[PDB]
Structure formats: C-alpha cells, structure tokens
Amino acid sequence: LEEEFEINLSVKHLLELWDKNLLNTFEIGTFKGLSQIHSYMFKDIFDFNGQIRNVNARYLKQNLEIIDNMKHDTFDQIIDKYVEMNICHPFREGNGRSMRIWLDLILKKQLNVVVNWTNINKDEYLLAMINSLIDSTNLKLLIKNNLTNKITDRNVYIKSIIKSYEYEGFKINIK
Amino acid sequence: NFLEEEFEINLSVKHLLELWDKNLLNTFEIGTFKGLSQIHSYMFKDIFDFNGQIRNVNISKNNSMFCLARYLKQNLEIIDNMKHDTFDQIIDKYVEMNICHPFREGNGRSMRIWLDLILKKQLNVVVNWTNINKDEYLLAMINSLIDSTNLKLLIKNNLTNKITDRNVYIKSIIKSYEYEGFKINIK
Amino acid sequence: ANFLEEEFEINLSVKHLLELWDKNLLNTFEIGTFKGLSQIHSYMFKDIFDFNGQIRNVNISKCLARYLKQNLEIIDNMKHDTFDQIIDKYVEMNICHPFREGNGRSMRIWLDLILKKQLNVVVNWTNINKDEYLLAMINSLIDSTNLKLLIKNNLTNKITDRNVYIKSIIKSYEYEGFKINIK
Amino acid sequence: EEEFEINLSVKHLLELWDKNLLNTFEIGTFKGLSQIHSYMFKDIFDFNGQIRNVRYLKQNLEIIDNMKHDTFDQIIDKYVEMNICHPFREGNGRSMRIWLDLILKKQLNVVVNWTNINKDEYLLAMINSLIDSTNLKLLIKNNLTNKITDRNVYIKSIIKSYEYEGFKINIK
C-alpha cells in the first residue's frame, strides 16, 4: 500500500533533475534520451526502469532506430517525433510522463520554449492525443498556443509536473 | 463515468495505415479468406481477440457440440473457390463474402481493404471511394443481396489507376468508416 | 422491404430547417423558452413524427402521476443575459430531454438563436469536430467548464450568413451521426 | 381490385403526342403543368388540374413561375422547387417529368433519355434533391437526347416514368 510514496518519489526524482541541473545533460530527441529520463525518474520504483519492455517485442528496437533518425528542427517535426515515440510506447509503464519531459527538453533546445501544460486542459489533451494516431493536427495547434519562452522558470516546471501527473491519473500537491 | 474509448476506432485506423507503410498489404494472400483474415487480424490487433478468427471457432474447442459450426467453413470453401480474374468475378466474390459475415465485428471494413487489394493486383485499379456518397453505396449493398448490378455499376463508374497514391488509400479509409458511420480524418 | 429510402425523413427535416431561414421564421420564435424550443422541434419534424412540439407523456392525458413540465418552467425561469447563463440554460434543457426524438438537433438551433439575440453571435460548429462536442456535453452533466471553454473559442459574429447556418445544420446532424449532403 | 386506370391515362398520353397538343401548352409555368395534369387524369381523378386543399401554396406557385428557365441549371432548379411544392394531391409530378421534357425541348433542343436513368439512382438523386440537386443535375445532364421529335423516345419516357412512381405497364 505504497503507491502514494512511489508518486511523491518520482516527483522528488523529477525535481532533483531541475535543481542539480542534470536535465540539460540528457540526449535531446533520441530514444537513448527518453531512456535516461525514464531511468532516473523511476530509479527506485521499477526494476525495469529505463529498460525496453519484452512481453506484448523484437521489432520495437526496430521502430526506435526509425524515430531516432526523424529530424527534430521545426516544431511540426518535433511533435511528429513525440506522436511516433508515444505510438511506440516502449516502456512497461508511465511512458507518457517521461515523454512530456522528453518533449519539453527538445523544444527548449530547438525553439527556446517549453509547453505550459497548466493551460492545456486534461480532456482536450487526452482527446487530441487519441486523434494523434490518425491526425496529429489537433495536438499541434493545442501545444503551439500554449508554448512559453519562460524556459528557466522552476514554477512553469513545477506546475508542468502537476498537469503531466494529472493526465496520467495521480493528483499530488507541489510540496 | 462515461469514458468514450474512441481509441479503439482511431487505433484500428492506424493498424490499417501501418499495413500500407510497412508494405504489408502487398504481402497478403489475394481474394482468399486467409487474405481477408490477415487484414481483419492486424486491423483489430489489441482491440478484439477474434483477429482473423471466424465466428464460432473458439466455441468449437471445449464447447464444440455446435453440430453446425462448419456451415461458415463450408461457405468460405465456396467463396475462396470462386474466380477473381474479371471485374464481374471480383464484385461477385466481394458480394458473397459480405453476405457470409465471417467476422464477429470488422463487418466489411476489412472487406473493402481486401477488395481494393484484389482490383490492385488483378485489374491494376482501386475504387475511388470518395465520389461514392454513403446514400448510394449502402443501397448498392442492399440491392446486392438480390442483384449485384447496381453495386457493379456504381463501382464501374468510380475506378482510379492511382493504385500507389497513399492519399487514395487514406481517402479510402475515411470513406470506409463514413459508410460504417464513424467520422475520423487523417493527416 | 429495405426502405433505406426512409432517409427521406432525415433529408425532409433538414430542408424543414432550411425553410425556417428562407421564410425568416427562426427570428420569429420565442428565445430561451421551451415554447421557443417547441416551435423549432414542432416545425422541423413536422411531417415526420406527430409527437412534434408535444412533451413526452403529455398526449397520454387520460392517469400517470408525475410531470417534467416542472423542470421545464424551472429551466424557462433561468437567466440568459451572460454567455455563462445561456450555456448554463442550454446544458439544463438538454438534461431535461423534453422530446422523444429530436433530442438536441432542435437544441443546437434554439442555442444559436439565444447567442444571436443575447451576445450577437452564433457557434461556428465547423471548427468543433465531433470528439470535442460529445465529450464537452458528457462532462456538462457534472461540470459545464469544458463546453463553455469550447463554445467561447468557436463563436462567429457572422450571425446572418446563410452558409454559416447551413454549416450549422451539417455538423449538428454529423454530431447525431447522419452525415447528409451540403447545398 | 383496381388496375386499368393506368391504361386509360397512358391513352391520354399517346393522344397528347399524336394530336400534337404538347407543343401548345404553356412552358415553365403552373398553368402549363396544370394543363398537362388536366388532360392526363381527366376520365380518372376529379381534381385533374386542381391544387390541393389539405393555403400559402398559391403564393409558392408564383415564386416558382417567377424563377427564370433560360440555362440548364435554371430548368432543373425550377424542376426541383416545383416537385418539392408537389402541387396536386395524387398525380404528383408524373406530368412534371413530361412538363420538364417540354422546358428542355423548347429552351436547349433536348429531352431526357429516362431509359439510361435506373430507378434507384433517380429516387436517390430526388430525395437528396431537396437539399443537394447537384446529383440530379449531373444525372439528368449525362442522359440528355436531342431527338425531341422522336416518338420512341417519348414512348420510353412514359414507360420509365411510370416504373419510377411504381406503376409498371408495357402495352405495345
């Protein structure tokens, strides 16, 4: 009955990332990139932390190399990389969490902005993300509108942990 | 509460788009009910677990006292054994296979992709589904139980030789769901 | 006996709505009241159903016991000045469901008319693809935020352009799942 | 326990092309159609040429007669709007399709080849007509014939015309 620990923990792990200044370390827009965020984030919560799942499996490797080579220079390219990376869903558990950080990290490099997830309504996102298998448009507009250049605002970052955590379940308060 | 899993619909569409992208429908058996299975398989991957499976083949294993579970195997032996070289022959195959209803769900959405793959091999054309308004086709299909002429005639007038245009394939999928009464739109 | 050709009913009711526009009638209906919603439902399912304008359980007359006319006045007694009061009304009129069929194809016209004489706007539904609207409304019966936040962002002031009204009709049917053709 | 009455009306029609009386009726007006219904259901219905009582329709009939009928589009758009008005009770617009093969014959040197126009296709275009005439336009268009004086054309436009409204007769 320690699911709330595991949540407070990963959230801790995610702050250490901001504070010790470690998240500018991470490889931008690779799988090796997401791998390291997932690794640290879940260090003390999953034995499979950072490791590609096995069970429903060998052509998964295959997809990631394909994605790895997708250019990520314009915005349209980056969200194209997000969509396909999220479509691949290469971890046993909590992919979408590691991938919204992974995303913020790419944009922050390439267009000097992050995603102000606290404007991005939970329902509208979930929805535009399902349309994203077919049609990644709805998601493009939604994220473009809610960019901010405040790429160094530990607040935006705190509040972004919260809406990211809210989309995948989990409530928690900042502290 | 009421959570709509539009996911299931949207997912099946990406399974269909996958087939095209990973040159996979070009590797499926033509006009045979294995070929239609291999489509309706990949297409409902995680969604249902009667993928390629015929109605009443899992309930013939333990509970097999389905004295007539072989009626369906019987009529697919037939439809497989129909020819599929001429346009006549293929729209007759399509008509029977859609009268058979081998799958539980995948009701004919499979059938249309399976058809376009026949015309695409045999006649080097696909249907240009887009100018086939829902009103027309649905009717074509009801007359088609009795007389396949109205269907044959609608599909005659709306062919295209754009058998490799990935957008034609996509305009197909949009139209295909439109007929089965789902919106969806693709990039 | 396949009368897919009683798609005639779907089509007739659409060109019923079209006669509301091209006989300047829809201006003429009571706004923001169940009599207003009744005149729309009444006119537009004219030839089709005969339970047209009539509340469910109003024809049975001769016993029952209960009546939803109670919630109906309650709803008619709501304000509709501000956007947040209108949507508020709209949500609650659709949770009634006075009619048997005609659901809120009627309601999505009775609404466009409320925004049109209160805030001089209509919904540009063309930019509200189905997924959102249905989700917005399913939320509405506990929290109406999604639907306000949704319709606020899809208002036009093009409140007299014919085609706009036509594109209203097309998406409104599309939401119920009828597709139909344009002009 | 009915029948026969179709025979009698097809008789008024053979006569109406033989006694040369089609070319003498008003074109593109109610009065015109009213004189085609009247001749057609004369020894049958008591209301042949007569507007239905089961009001604002006397108005709607002007606004149809008001619409021009010069170009192809204007002829159909009148034909749809007229048919939508369904002026007579029974009799409907079997005469309307005649009344239409006048308005084309006169204005654009053509009539409709209704044999090429399968029943389903037609009925479907005509339902959707009262929203989107489009289908009816590109349907009537690709089945126009310039043989306006042919009798076999006309004979076939009264075979195919009855079939549509359901009544199947061959006679000679």
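Where a number appears in this text, it was derived from the coordinates with a stated rule and is not lab data. FYI the Cβ positions are ideal-geometry reconstructions off the backbone, even for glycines, and counts take in every protein chain you see.
Here are a few things to note about the model shown:
- Filter result (of a type in the set (A, V, I, L, M) and in contact with a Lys or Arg (Cβ under 6 Å, 6 or more places away or on another chain)) within the stretch B:119-143: B:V126
- Residue satisfying all of: in the stretch C:38-64; within 20 Å of C:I169 (Cβ to Cβ) and charged (D, E, K, R); surrounded by the fewest Cβ atoms within 10 Å (Cβ to Cβ) among these: C:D47
- All of (1) in contact with a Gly (Cβ under 9 Å, 6 or more places away or on another chain); (2) within 28 Å of A:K171 (Cβ to Cβ); (3) among the β-branched types (V, I, T) hold for A:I79 with one exception: (1).
- Residue selection: D:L108 satisfies the criterion of being closer than 19 Å to D:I27 by Cα and not small (G, A, S).
- Residue list for the stretch B:170-187, filter: within 11 Å of chain A (Cβ to nearest Cβ) and among the charged types (D, E, K, R): B:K183, B:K187
- Selection status of B:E18, under 30 Å from B:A140 (Cα atoms), within 14 Å of chain A (Cβ to nearest Cβ), surrounded by fewer than 17 Cβ atoms within 10 Å (Cβ to Cβ) and of a type outside the set (A, V, I, L, M, F, W, C): yes
- Residue count for the stretch C:21-59, restricted to those that are aliphatic (A, V, I, L, M), within 14 Å of chain D (Cβ to nearest Cβ) and farther than 14 Å from C:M107 by Cα: 2
- The stretch B:120-165, residues that are within 14 Å of chain C (Cβ to nearest Cβ), assigned to a loop (DSSP other than H, G, I, E, B), within 25 Å of B:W20 (Cα to Cα) and of a type outside the set (A, V, I, L, M, F, W, C): B:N133
- Counting only helices (runs of 4 or more DSSP H) that sit completely within the stretch D:2-118, those holding 2 or more residues that are β-branched (V, I, T) correspond to D:5-18, D:57-66, D:72-85, D:94-108.
- Test for C:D161: is it surrounded by fewer than 20 Cβ atoms within 10 Å (Cβ to Cβ), out of contact with any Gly (no Cβ under 6 Å at 6 or more places or on another chain) and closer than 30 Å to C:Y67 by Cβ: no
- From the options A:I134, A:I174, A:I101, A:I151, residue that is under 14 Å from the mean Cα position of the chain (by Cα) and either more than 20 Å from C:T145 (Cα to Cα) or β-branched (V, I, T) (or both): A:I101
- Residue check, B:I186 crowded, with 18+ Cβ neighbours inside 10 Å and either of a type in the set (F, W, Y) or outside any helix (DSSP H, G or I) (or both): yes
- Residues located in the stretch C:87-113, provided they are surrounded by fewer than 23 Cβ atoms within 10 Å (Cβ to Cβ) and in contact with a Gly (Cβ under 9 Å, 6 or more places away or on another chain): C:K89, C:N94, C:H97, C:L113
- Search result, residues across the stretch D:128-153 that are among the β-branched types (V, I, T), within 17 Å of D:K78 (Cα to Cα) and surrounded by fewer than 19 Cβ atoms within 10 Å (Cβ to Cβ): D:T134
- Condition check for C:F83: under 29 Å from C:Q54 (Cα atoms), more than 14 Å from every other protein chain (Cβ to nearest Cβ) and under 14 Å from the mean Cα position of the chain (by Cα): no
- As for the stretch A:98-116, it holds no residue that is within 30 Å of B:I170 (Cα to Cα) and small (G, A, S).
- Test: residue in the stretch C:90-99 that is over 18 Å from C:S42 (Cα atoms) and of a type in the set (A, V, I, L, M, F, W, C): yes
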